[PDB]
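Here the structure is laid out as structure tokens; the discussion comes afterwards.
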Amino acid sequence: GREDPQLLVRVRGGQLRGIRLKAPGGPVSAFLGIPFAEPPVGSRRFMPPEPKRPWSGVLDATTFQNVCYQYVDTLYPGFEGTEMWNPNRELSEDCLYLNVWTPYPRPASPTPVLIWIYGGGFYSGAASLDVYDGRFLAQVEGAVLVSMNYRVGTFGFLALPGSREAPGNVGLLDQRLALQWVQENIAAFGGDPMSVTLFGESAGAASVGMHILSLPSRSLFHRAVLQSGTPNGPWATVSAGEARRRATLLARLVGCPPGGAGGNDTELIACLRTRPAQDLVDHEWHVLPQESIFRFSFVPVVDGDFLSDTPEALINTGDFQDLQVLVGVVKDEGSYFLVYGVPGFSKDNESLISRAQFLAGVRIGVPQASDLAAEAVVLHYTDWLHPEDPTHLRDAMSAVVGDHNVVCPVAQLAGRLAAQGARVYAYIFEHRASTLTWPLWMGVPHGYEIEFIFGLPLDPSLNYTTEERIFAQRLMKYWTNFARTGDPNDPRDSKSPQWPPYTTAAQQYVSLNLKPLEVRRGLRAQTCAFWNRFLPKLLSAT
Amino acid sequence: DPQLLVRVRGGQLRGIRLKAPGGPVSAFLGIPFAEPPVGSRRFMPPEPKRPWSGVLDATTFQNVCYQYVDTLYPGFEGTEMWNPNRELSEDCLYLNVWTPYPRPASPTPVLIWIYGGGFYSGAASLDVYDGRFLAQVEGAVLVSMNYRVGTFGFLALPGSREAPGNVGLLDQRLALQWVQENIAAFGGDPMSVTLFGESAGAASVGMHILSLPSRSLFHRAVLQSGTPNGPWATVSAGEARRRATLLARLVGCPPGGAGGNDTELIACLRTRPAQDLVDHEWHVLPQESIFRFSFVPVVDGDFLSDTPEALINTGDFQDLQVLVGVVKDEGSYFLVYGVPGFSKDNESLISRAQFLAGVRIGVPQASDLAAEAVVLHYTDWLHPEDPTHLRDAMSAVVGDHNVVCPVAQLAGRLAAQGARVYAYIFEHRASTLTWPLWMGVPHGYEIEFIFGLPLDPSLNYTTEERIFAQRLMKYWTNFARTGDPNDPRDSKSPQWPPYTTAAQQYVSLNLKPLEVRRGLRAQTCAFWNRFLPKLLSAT
Ligand SMILES: *[C@@H]1O[C@H](CO)[C@@H](O)[C@H](O)[C@H]1NC(C)=O
Ligand SMILES: *[C@@H]1O[C@H](CO)[C@@H](O)[C@H](O)[C@H]1NC(C)=O
Ligand SMILES: *[C@@H]1O[C@H](CO)[C@@H](O)[C@H](O)[C@H]1NC(C)=O
Ligand SMILES: *P(=O)(O)Oc1ccccc1C
Ligand SMILES: *P(=O)(O)Oc1ccccc1C
């Protein structure tokens, strides 16, 4: 005896025992740190994941595993806003492990599965973080939730395209591997391989999109949720040549020609593979082209392999009838990245800024924009009746960053997926958390709908308001509804009023906030026509 | 009759007594201000009228300057009203003076009118320019002159003795020096002179403002739906020469293409029938266009020392009072002149592709990219195909480009240079309007009201319309005397605030009482004035 049959599971690779957690409502079963891949260390660094070699004995799934090696953000030390995101377990090169939450006892019927891919800009993050805790969706919505670690940073994305040694997108491959893993083993946990919804946020949402666009990933999941990020758009992909440039430059920086050499690839990677992980982490930021924000050093490369063409091309020409996606943004996307190096912007004060500061800002936030590309931006975003207004200027600059990296690319992906015949639902998330740390001017900043999606307000010890608790429940029901049926709507019910599909014609999306749903038509339409349609033609012939 | 006979350093004049609703008026019509620029004097700066003996007949309107007669909508009051109401002749230079009956108490302020019509047409002889209501009602001495138009006024071979260019403007200026010498005898004040004009006329007003010798001939100025700056009001010396050369080439000149001296080319041009010049006049335009007329003022380095842009940018405006403004829908009137899909008959709902090409037409100097910019700007992207919007938006494109944004730019530039400026937007559509309603308050229809035409009972205006008319005449004349549109005492109005670069206050002229808005355009005018030029270069 002594073995709870609910916590014992035999998956393809061996036996693991999980742990019983107390969620507020009931208990839940958590299986944590299940290795989905042989550790990519030593000679396996920069390389696609080999799948986990099988193990005898019973593996211990009772606890979270190491976080993939990453930059730990030092901006505002000891500050909840920045540090919620920072690694909560020990950094290792051996990070590829996944987590599964299910109801207790393990579900009778094959419940649909939600796979969560985290964000953090492909330089950072981990499934261990408190906001991604699957316990509440498991308990309340009776769902089965998976989250995998993927290599971030140089280890995940450093690429010397066309080489066997550092092929690129190995992080995205980690993700896909874990997707396969869900296919092979999830039913053992009470999951339903026939229904799999990928959902992610920021870089993570971009990852989701990338799996939509890559054929080998399409066979593993049936539905997608992109929250505040897209595969198209300025920040999420790089030219193969750019990636190569950045790689050989970082190589130079860590003293790995060695000595002024560096023509032979295999030789260069093989040298890079000797330097201690933390040195690579210390240097990954120096390779960037410009003084910029919302631009990351090592990201998915367009290799003609994982991404066969650019996501632009791909979403333009694809066939999406198989597919239903739920996509949306939060109310102020820009404000977070502002304190990250547009001058004038702090969390510690109201951040009113001069005009010169606004202009300078526009150069920083739209870094690849020439003059007149940028003068176009300024013309569009200035209030010309009151061009010097510091409040307006501030709010403007926020909106510029937000619109350029998030809202207009989300709008473009929605429009195209719809036109390509997919069921698309769209949302703007407008509720500011009562628990929120960052100052008032930053609004409902990037990433702060997450904790409401995972139903953290359902935890009483966390100091949310009862209205937020109800709200959080309502979101959970939307998401697990989409997961289950491909529609966010409450199926039996007709009310509040129901949430309509985003279409190319009507373009309806809804507002997610404390009030019930209202339907808004067109999503930053004129502005996105500028960003998506006009501005490309501009800096393109500048 | 005592008043009907007046002296005028050129010699004796006999006026005529006329009936305004509220009094009599002494009307003197067809006073020659220059010896007729016919024959060898065609294309040449006007020489002043040589004096005469005898009592000259001022009792009727003289000839209209030789011009294209609009054939578009036969017998339609709307287009017809701008056509010549007198006979066409190259001997057209005669002005018109209105005094009340009797002659003055003290010297009264003077209002000089310069007509619109695109430099390709016009006359003071026109109906809506009826000068008497302002005279009788507001006690104003009101002058209106004919200046040369079309090739005769503006054809230039810049640098040439015999076709210097801007001679139509010189006709205006000379009319002004005649008013500076001779208006006194009509009981007008030579030290109060307020030039007001509409459209091309407005452009001429600003044109005098910018021209140095013109400066001493006036005091205040009203610009109605036109500016000296902008897309349509001037050409380069280069393009002037280009067009003159081509038009010559379309009629005989120079004979069989011997090339060479401009003197012989102009000499040859002088011997063609006036109607021939008019016939081939419309062929010399570079592209297909809506605004954009063939022969206009030219920046010669003489009448304008630099381009109007440069002059309103560096100009010192210290003592200047200007009343500028636009009507509600400017562009509408023009669209039926050859943007496809626009008639006065059908209500002109258009396709998207129609709009797309219409943009190419009304902003002809735009490259593909500048066009893409204009479309992106004026398209409602939530409903890109909606015909009603596409139509109204095309009217807005043509209007904003050719009039509104120019007007705003001049306003702000004049304010920044220390001029007192009053801006107005005219919201009221006359009931007597023969044009379809989709054209709103079309270009040039605020003239009926400024000239006090609703005070004429037999014209069928509404009553609030004539109280409106009286309002407007009070406005304009108050500006004439003061250099300020308001009442000296009465408050009311509510006060019409000076347009400044900061506040940007402009007023609404409506039947309902005075309203103050801020930011005439701005967004949309920063496009046109700041950005689009940067984009017209590099593309
Ligand atoms: C690349 O050059 C190295 C020597 O630096 C050599 O050992 C290796 O075999 C070469 N491989 C290729 C790609 O030719
Ligand atoms: C041009 O030709 C005519 C011939 O009548 C002459 O009077 C004139 O002076 C000539 N010379 C030039 C180049 O002006
Ligand atoms: C509206 O009328 C005009 C003139 O008759 C014509 O150019 C236009 O095509 C008409 N609109 C349509 C498409 O019915
Ligand atoms: P994106 O990948 O930019 O999302 C981020 C980035 C940094 C910190 C938190 C989050 C959600
Ligand atoms: P502008 O000179 O364009 O003014 C016009 C033009 C044609 C007809 C009437 C008017 C007032």
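Chain labels follow the order of the structure tokens: the first chain is A, the next B, and so on; residue numbering restarts at 1 in every chain, and ligands are counted from 1 in their shown order.
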List every residue of range 340-523 of chain B that DSSP, applied to the backbone, labels as helix (DSSP H, G or I), and write the result as a PyMOL selection string.
chain B and resi 352-362+368-378+387-416+437-439+447-450+453-455+457-459+463-482
What residues have any atom no more than 7 Å from ligand 1 when counting only C-alpha atoms and all ligand atoms, and can you list them as number ranges by chain?
A: 264-267
Since we have the selection now, will you write its residues out, keeping N, CA, C and O atoms, as a PDB file, in the first residue's frame?
ATOM      1  N   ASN A 264      35.367  29.499 -39.940  1.00  0.00           N
ATOM      2  CA  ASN A 264      34.762  28.171 -39.809  1.00  0.00           C
ATOM      3  C   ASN A 264      33.675  28.171 -38.727  1.00  0.00           C
ATOM      4  O   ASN A 264      33.940  28.507 -37.571  1.00  0.00           O
ATOM      5  N   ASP A 265      32.451  27.806 -39.105  1.00  0.00           N
ATOM      6  CA  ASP A 265      31.344  27.717 -38.145  1.00  0.00           C
ATOM      7  C   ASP A 265      31.599  26.726 -37.008  1.00  0.00           C
ATOM      8  O   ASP A 265      31.781  27.141 -35.865  1.00  0.00           O
ATOM      9  N   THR A 266      31.637  25.429 -37.336  1.00  0.00           N
ATOM     10  CA  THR A 266      31.740  24.346 -36.348  1.00  0.00           C
ATOM     11  C   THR A 266      32.802  24.649 -35.318  1.00  0.00           C
ATOM     12  O   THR A 266      32.608  24.402 -34.135  1.00  0.00           O
ATOM     13  N   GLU A 267      33.917  25.190 -35.799  1.00  0.00           N
ATOM     14  CA  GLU A 267      35.033  25.625 -34.975  1.00  0.00           C
ATOM     15  C   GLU A 267      34.645  26.735 -33.987  1.00  0.00           C
ATOM     16  O   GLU A 267      35.074  26.725 -32.814  1.00  0.00           O
TER      17      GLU A 267
END
Test item: residues lying within 10 Å of ligand 5 with only C-alpha atoms and all ligand atoms, as a PDB file with N, CA, C and O atoms, in the first residue's frame:
ATOM      1  N   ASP B  70     -18.252  79.528 -69.275  1.00  0.00           N
ATOM      2  CA  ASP B  70     -18.486  78.161 -68.817  1.00  0.00           C
ATOM      3  C   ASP B  70     -19.681  77.521 -69.503  1.00  0.00           C
ATOM      4  O   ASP B  70     -20.815  77.986 -69.374  1.00  0.00           O
ATOM      5  N   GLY B  78     -26.505  78.160 -61.009  1.00  0.00           N
ATOM      6  CA  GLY B  78     -25.293  78.008 -60.221  1.00  0.00           C
ATOM      7  C   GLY B  78     -23.977  78.239 -60.944  1.00  0.00           C
ATOM      8  O   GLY B  78     -23.109  78.948 -60.434  1.00  0.00           O
ATOM      9  N   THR B  79     -23.808  77.613 -62.108  1.00  0.00           N
ATOM     10  CA  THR B  79     -22.617  77.824 -62.930  1.00  0.00           C
ATOM     11  C   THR B  79     -22.775  79.104 -63.724  1.00  0.00           C
ATOM     12  O   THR B  79     -21.820  79.858 -63.911  1.00  0.00           O
ATOM     13  N   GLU B  80     -23.995  79.328 -64.199  1.00  0.00           N
ATOM     14  CA  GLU B  80     -24.294  80.464 -65.051  1.00  0.00           C
ATOM     15  C   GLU B  80     -23.956  81.771 -64.340  1.00  0.00           C
ATOM     16  O   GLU B  80     -23.439  82.701 -64.955  1.00  0.00           O
ATOM     17  N   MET B  81     -24.210  81.831 -63.036  1.00  0.00           N
ATOM     18  CA  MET B  81     -24.044  83.084 -62.302  1.00  0.00           C
ATOM     19  C   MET B  81     -22.630  83.666 -62.341  1.00  0.00           C
ATOM     20  O   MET B  81     -22.463  84.866 -62.129  1.00  0.00           O
ATOM     21  N   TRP B  82     -21.623  82.830 -62.597  1.00  0.00           N
ATOM     22  CA  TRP B  82     -20.231  83.298 -62.616  1.00  0.00           C
ATOM     23  C   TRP B  82     -19.743  83.692 -63.999  1.00  0.00           C
ATOM     24  O   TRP B  82     -18.659  84.255 -64.132  1.00  0.00           O
ATOM     25  N   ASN B  83     -20.548  83.393 -65.017  1.00  0.00           N
ATOM     26  CA  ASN B  83     -20.245  83.764 -66.400  1.00  0.00           C
ATOM     27  C   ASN B  83     -20.318  85.273 -66.565  1.00  0.00           C
ATOM     28  O   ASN B  83     -20.880  85.953 -65.713  1.00  0.00           O
ATOM     29  N   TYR B 115     -12.367  90.375 -57.578  1.00  0.00           N
ATOM     30  CA  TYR B 115     -13.123  89.150 -57.861  1.00  0.00           C
ATOM     31  C   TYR B 115     -12.297  87.870 -57.963  1.00  0.00           C
ATOM     32  O   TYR B 115     -11.094  87.917 -58.199  1.00  0.00           O
ATOM     33  N   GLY B 116     -12.966  86.730 -57.796  1.00  0.00           N
ATOM     34  CA  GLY B 116     -12.336  85.431 -57.932  1.00  0.00           C
ATOM     35  C   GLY B 116     -12.492  84.942 -59.354  1.00  0.00           C
ATOM     36  O   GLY B 116     -12.564  85.759 -60.268  1.00  0.00           O
ATOM     37  N   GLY B 117     -12.573  83.628 -59.553  1.00  0.00           N
ATOM     38  CA  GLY B 117     -12.675  83.074 -60.902  1.00  0.00           C
ATOM     39  C   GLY B 117     -11.434  82.408 -61.488  1.00  0.00           C
ATOM     40  O   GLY B 117     -11.358  82.176 -62.695  1.00  0.00           O
ATOM     41  N   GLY B 118     -10.455  82.125 -60.630  1.00  0.00           N
ATOM     42  CA  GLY B 118      -9.328  81.268 -60.964  1.00  0.00           C
ATOM     43  C   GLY B 118      -8.280  81.857 -61.880  1.00  0.00           C
ATOM     44  O   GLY B 118      -7.467  81.133 -62.445  1.00  0.00           O
ATOM     45  N   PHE B 119      -8.299  83.169 -62.048  1.00  0.00           N
ATOM     46  CA  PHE B 119      -7.409  83.834 -62.996  1.00  0.00           C
ATOM     47  C   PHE B 119      -7.764  83.513 -64.451  1.00  0.00           C
ATOM     48  O   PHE B 119      -7.243  84.133 -65.379  1.00  0.00           O
ATOM     49  N   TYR B 120      -8.662  82.556 -64.647  1.00  0.00           N
ATOM     50  CA  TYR B 120      -9.116  82.242 -65.982  1.00  0.00           C
ATOM     51  C   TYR B 120     -10.419  82.942 -66.326  1.00  0.00           C
ATOM     52  O   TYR B 120     -10.911  82.764 -67.431  1.00  0.00           O
ATOM     53  N   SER B 121     -10.960  83.745 -65.400  1.00  0.00           N
ATOM     54  CA  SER B 121     -12.278  84.376 -65.571  1.00  0.00           C
ATOM     55  C   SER B 121     -12.688  85.288 -64.417  1.00  0.00           C
ATOM     56  O   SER B 121     -12.116  85.229 -63.337  1.00  0.00           O
ATOM     57  N   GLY B 122     -13.704  86.114 -64.654  1.00  0.00           N
ATOM     58  CA  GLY B 122     -14.331  86.910 -63.606  1.00  0.00           C
ATOM     59  C   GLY B 122     -14.845  88.245 -64.118  1.00  0.00           C
ATOM     60  O   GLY B 122     -14.801  88.475 -65.316  1.00  0.00           O
ATOM     61  N   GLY B 197     -11.243  90.046 -51.100  1.00  0.00           N
ATOM     62  CA  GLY B 197     -11.406  89.220 -52.278  1.00  0.00           C
ATOM     63  C   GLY B 197     -11.773  87.790 -51.963  1.00  0.00           C
ATOM     64  O   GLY B 197     -11.636  87.308 -50.838  1.00  0.00           O
ATOM     65  N   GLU B 198     -12.257  87.098 -52.976  1.00  0.00           N
ATOM     66  CA  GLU B 198     -12.626  85.721 -52.796  1.00  0.00           C
ATOM     67  C   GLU B 198     -11.916  84.842 -53.824  1.00  0.00           C
ATOM     68  O   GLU B 198     -11.687  85.267 -54.955  1.00  0.00           O
ATOM     69  N   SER B 199     -11.549  83.631 -53.395  1.00  0.00           N
ATOM     70  CA  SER B 199     -10.890  82.643 -54.242  1.00  0.00           C
ATOM     71  C   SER B 199      -9.590  83.180 -54.832  1.00  0.00           C
ATOM     72  O   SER B 199      -8.677  83.552 -54.098  1.00  0.00           O
ATOM     73  N   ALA B 200      -9.509  83.202 -56.160  1.00  0.00           N
ATOM     74  CA  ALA B 200      -8.388  83.822 -56.854  1.00  0.00           C
ATOM     75  C   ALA B 200      -8.233  85.269 -56.413  1.00  0.00           C
ATOM     76  O   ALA B 200      -7.119  85.775 -56.297  1.00  0.00           O
ATOM     77  N   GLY B 201      -9.365  85.930 -56.176  1.00  0.00           N
ATOM     78  CA  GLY B 201      -9.370  87.285 -55.658  1.00  0.00           C
ATOM     79  C   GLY B 201      -8.634  87.368 -54.339  1.00  0.00           C
ATOM     80  O   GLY B 201      -7.752  88.204 -54.168  1.00  0.00           O
ATOM     81  N   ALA B 202      -8.999  86.491 -53.407  1.00  0.00           N
ATOM     82  CA  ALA B 202      -8.325  86.400 -52.118  1.00  0.00           C
ATOM     83  C   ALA B 202      -6.827  86.252 -52.326  1.00  0.00           C
ATOM     84  O   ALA B 202      -6.011  86.940 -51.698  1.00  0.00           O
ATOM     85  N   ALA B 203      -6.479  85.352 -53.236  1.00  0.00           N
ATOM     86  CA  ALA B 203      -5.093  85.091 -53.558  1.00  0.00           C
ATOM     87  C   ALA B 203      -4.427  86.371 -54.038  1.00  0.00           C
ATOM     88  O   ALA B 203      -3.242  86.594 -53.798  1.00  0.00           O
ATOM     89  N   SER B 204      -5.197  87.218 -54.708  1.00  0.00           N
ATOM     90  CA  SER B 204      -4.658  88.463 -55.220  1.00  0.00           C
ATOM     91  C   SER B 204      -4.461  89.435 -54.064  1.00  0.00           C
ATOM     92  O   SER B 204      -3.522  90.222 -54.048  1.00  0.00           O
ATOM     93  N   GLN B 224     -11.103  85.556 -48.546  1.00  0.00           N
ATOM     94  CA  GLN B 224     -12.195  84.624 -48.439  1.00  0.00           C
ATOM     95  C   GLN B 224     -11.959  83.407 -49.319  1.00  0.00           C
ATOM     96  O   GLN B 224     -12.018  83.506 -50.534  1.00  0.00           O
ATOM     97  N   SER B 225     -11.695  82.262 -48.699  1.00  0.00           N
ATOM     98  CA  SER B 225     -11.491  81.004 -49.427  1.00  0.00           C
ATOM     99  C   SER B 225     -10.402  81.063 -50.497  1.00  0.00           C
ATOM    100  O   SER B 225     -10.578  80.521 -51.574  1.00  0.00           O
ATOM    101  N   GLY B 226      -9.291  81.721 -50.193  1.00  0.00           N
ATOM    102  CA  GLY B 226      -8.160  81.757 -51.096  1.00  0.00           C
ATOM    103  C   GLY B 226      -6.940  82.343 -50.412  1.00  0.00           C
ATOM    104  O   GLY B 226      -7.069  83.079 -49.440  1.00  0.00           O
ATOM    105  N   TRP B 232      -2.189  76.089 -56.010  1.00  0.00           N
ATOM    106  CA  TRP B 232      -2.727  76.620 -57.270  1.00  0.00           C
ATOM    107  C   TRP B 232      -2.503  78.093 -57.643  1.00  0.00           C
ATOM    108  O   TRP B 232      -2.844  78.493 -58.761  1.00  0.00           O
ATOM    109  N   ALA B 233      -1.960  78.901 -56.735  1.00  0.00           N
ATOM    110  CA  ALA B 233      -2.018  80.352 -56.929  1.00  0.00           C
ATOM    111  C   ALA B 233      -0.842  80.984 -57.643  1.00  0.00           C
ATOM    112  O   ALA B 233      -0.936  82.128 -58.055  1.00  0.00           O
ATOM    113  N   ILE B 290      -8.237  69.424 -61.141  1.00  0.00           N
ATOM    114  CA  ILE B 290      -9.498  69.924 -60.606  1.00  0.00           C
ATOM    115  C   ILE B 290      -9.416  71.417 -60.242  1.00  0.00           C
ATOM    116  O   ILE B 290     -10.097  72.256 -60.846  1.00  0.00           O
ATOM    117  N   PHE B 291      -8.565  71.742 -59.273  1.00  0.00           N
ATOM    118  CA  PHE B 291      -8.044  73.097 -59.107  1.00  0.00           C
ATOM    119  C   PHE B 291      -6.937  73.136 -60.160  1.00  0.00           C
ATOM    120  O   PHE B 291      -7.070  72.436 -61.159  1.00  0.00           O
ATOM    121  N   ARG B 292      -5.908  73.974 -60.036  1.00  0.00           N
ATOM    122  CA  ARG B 292      -4.850  73.980 -61.072  1.00  0.00           C
ATOM    123  C   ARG B 292      -5.280  74.522 -62.448  1.00  0.00           C
ATOM    124  O   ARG B 292      -5.635  73.763 -63.354  1.00  0.00           O
ATOM    125  N   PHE B 293      -5.301  75.848 -62.558  1.00  0.00           N
ATOM    126  CA  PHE B 293      -5.593  76.552 -63.805  1.00  0.00           C
ATOM    127  C   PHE B 293      -4.307  77.011 -64.530  1.00  0.00           C
ATOM    128  O   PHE B 293      -3.286  77.269 -63.884  1.00  0.00           O
ATOM    129  N   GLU B 330     -15.575  73.167 -49.142  1.00  0.00           N
ATOM    130  CA  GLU B 330     -14.909  73.871 -50.232  1.00  0.00           C
ATOM    131  C   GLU B 330     -14.887  73.058 -51.517  1.00  0.00           C
ATOM    132  O   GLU B 330     -15.303  73.537 -52.575  1.00  0.00           O
ATOM    133  N   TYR B 333     -17.892  71.845 -55.049  1.00  0.00           N
ATOM    134  CA  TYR B 333     -18.147  72.561 -56.296  1.00  0.00           C
ATOM    135  C   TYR B 333     -17.261  72.045 -57.425  1.00  0.00           C
ATOM    136  O   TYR B 333     -17.706  71.891 -58.561  1.00  0.00           O
ATOM    137  N   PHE B 334     -16.004  71.762 -57.095  1.00  0.00           N
ATOM    138  CA  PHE B 334     -15.007  71.449 -58.102  1.00  0.00           C
ATOM    139  C   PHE B 334     -15.116  70.041 -58.623  1.00  0.00           C
ATOM    140  O   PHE B 334     -14.755  69.785 -59.763  1.00  0.00           O
ATOM    141  N   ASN B 402      -6.582  72.379 -51.563  1.00  0.00           N
ATOM    142  CA  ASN B 402      -6.494  73.654 -52.283  1.00  0.00           C
ATOM    143  C   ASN B 402      -6.856  74.933 -51.520  1.00  0.00           C
ATOM    144  O   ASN B 402      -6.323  76.012 -51.808  1.00  0.00           O
ATOM    145  N   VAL B 403      -7.759  74.820 -50.550  1.00  0.00           N
ATOM    146  CA  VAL B 403      -8.146  75.989 -49.768  1.00  0.00           C
ATOM    147  C   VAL B 403      -7.888  75.915 -48.255  1.00  0.00           C
ATOM    148  O   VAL B 403      -7.103  76.704 -47.731  1.00  0.00           O
ATOM    149  N   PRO B 442     -21.023  75.280 -50.790  1.00  0.00           N
ATOM    150  CA  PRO B 442     -19.949  75.210 -51.779  1.00  0.00           C
ATOM    151  C   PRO B 442     -19.122  76.475 -51.854  1.00  0.00           C
ATOM    152  O   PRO B 442     -19.536  77.530 -51.369  1.00  0.00           O
ATOM    153  N   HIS B 443     -17.952  76.335 -52.469  1.00  0.00           N
ATOM    154  CA  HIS B 443     -16.999  77.412 -52.636  1.00  0.00           C
ATOM    155  C   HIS B 443     -17.700  78.635 -53.223  1.00  0.00           C
ATOM    156  O   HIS B 443     -18.515  78.518 -54.139  1.00  0.00           O
ATOM    157  N   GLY B 444     -17.423  79.802 -52.657  1.00  0.00           N
ATOM    158  CA  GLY B 444     -17.904  81.045 -53.229  1.00  0.00           C
ATOM    159  C   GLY B 444     -19.317  81.488 -52.890  1.00  0.00           C
ATOM    160  O   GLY B 444     -19.730  82.560 -53.332  1.00  0.00           O
ATOM    161  N   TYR B 445     -20.056  80.695 -52.111  1.00  0.00           N
ATOM    162  CA  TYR B 445     -21.446  81.047 -51.761  1.00  0.00           C
ATOM    163  C   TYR B 445     -21.650  81.858 -50.481  1.00  0.00           C
ATOM    164  O   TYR B 445     -22.777  82.079 -50.057  1.00  0.00           O
ATOM    165  N   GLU B 446     -20.557  82.291 -49.869  1.00  0.00           N
ATOM    166  CA  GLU B 446     -20.651  83.235 -48.771  1.00  0.00           C
ATOM    167  C   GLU B 446     -20.621  84.676 -49.300  1.00  0.00           C
ATOM    168  O   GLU B 446     -20.769  85.635 -48.535  1.00  0.00           O
ATOM    169  N   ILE B 447     -20.433  84.833 -50.608  1.00  0.00           N
ATOM    170  CA  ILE B 447     -20.413  86.165 -51.212  1.00  0.00           C
ATOM    171  C   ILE B 447     -21.810  86.792 -51.270  1.00  0.00           C
ATOM    172  O   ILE B 447     -21.958  87.993 -51.031  1.00  0.00           O
TER     173      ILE B 447
END
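Distances from B:415, B:511, B:433, B:369 to chain A were compared using only C-alpha atoms, and the smallest one belongs to B:369.
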Enumerate, in order of chain and increasing residue number, the residues of chain B with an atom no farther than 7 Å from ligand 3, each with its shortest atom pair and distance in Å to one decimal, counting only C-alpha atoms and all ligand atoms, as JSON lines.
{"residue": "B:340", "atom": "CA", "partner": "ligand 3", "partner_atom_place_in_ligand_line": "7 (O)", "distance": 5.4}
{"residue": "B:341", "atom": "CA", "partner": "ligand 3", "partner_atom_place_in_ligand_line": "8 (C)", "distance": 3.9}
{"residue": "B:342", "atom": "CA", "partner": "ligand 3", "partner_atom_place_in_ligand_line": "3 (C)", "distance": 5.7}
{"residue": "B:343", "atom": "CA", "partner": "ligand 3", "partner_atom_place_in_ligand_line": "3 (C)", "distance": 4.7}
{"residue": "B:345", "atom": "CA", "partner": "ligand 3", "partner_atom_place_in_ligand_line": "2 (O)", "distance": 6.5}
{"residue": "B:346", "atom": "CA", "partner": "ligand 3", "partner_atom_place_in_ligand_line": "1 (C)", "distance": 4.9}
{"residue": "B:348", "atom": "CA", "partner": "ligand 3", "partner_atom_place_in_ligand_line": "1 (C)", "distance": 5.6}
{"residue": "B:350", "atom": "CA", "partner": "ligand 3", "partner_atom_place_in_ligand_line": "13 (C)", "distance": 6.8}
Taking C-alpha atoms for each residue, export the selection above as an mmCIF file, in the first residue's frame.
data_model
loop_
_atom_site.group_PDB
_atom_site.id
_atom_site.type_symbol
_atom_site.label_atom_id
_atom_site.label_comp_id
_atom_site.auth_asym_id
_atom_site.auth_seq_id
_atom_site.Cartn_x
_atom_site.Cartn_y
_atom_site.Cartn_z
ATOM 1 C CA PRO B 340 -15.639 60.888 -62.455
ATOM 2 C CA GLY B 341 -18.848 60.055 -60.658
ATOM 3 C CA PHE B 342 -19.728 63.519 -59.500
ATOM 4 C CA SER B 343 -22.763 65.254 -60.984
ATOM 5 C CA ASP B 345 -27.913 65.618 -60.671
ATOM 6 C CA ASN B 346 -27.287 62.209 -59.138
ATOM 7 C CA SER B 348 -22.871 61.161 -56.409
ATOM 8 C CA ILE B 350 -19.108 56.680 -55.620
#
Check every residue of chain B for an atom within 12 Å of chain A, counting only C-alpha atoms, and provide those that qualify as a PyMOL selection string.
chain B and resi 368-385+500-505+517-539
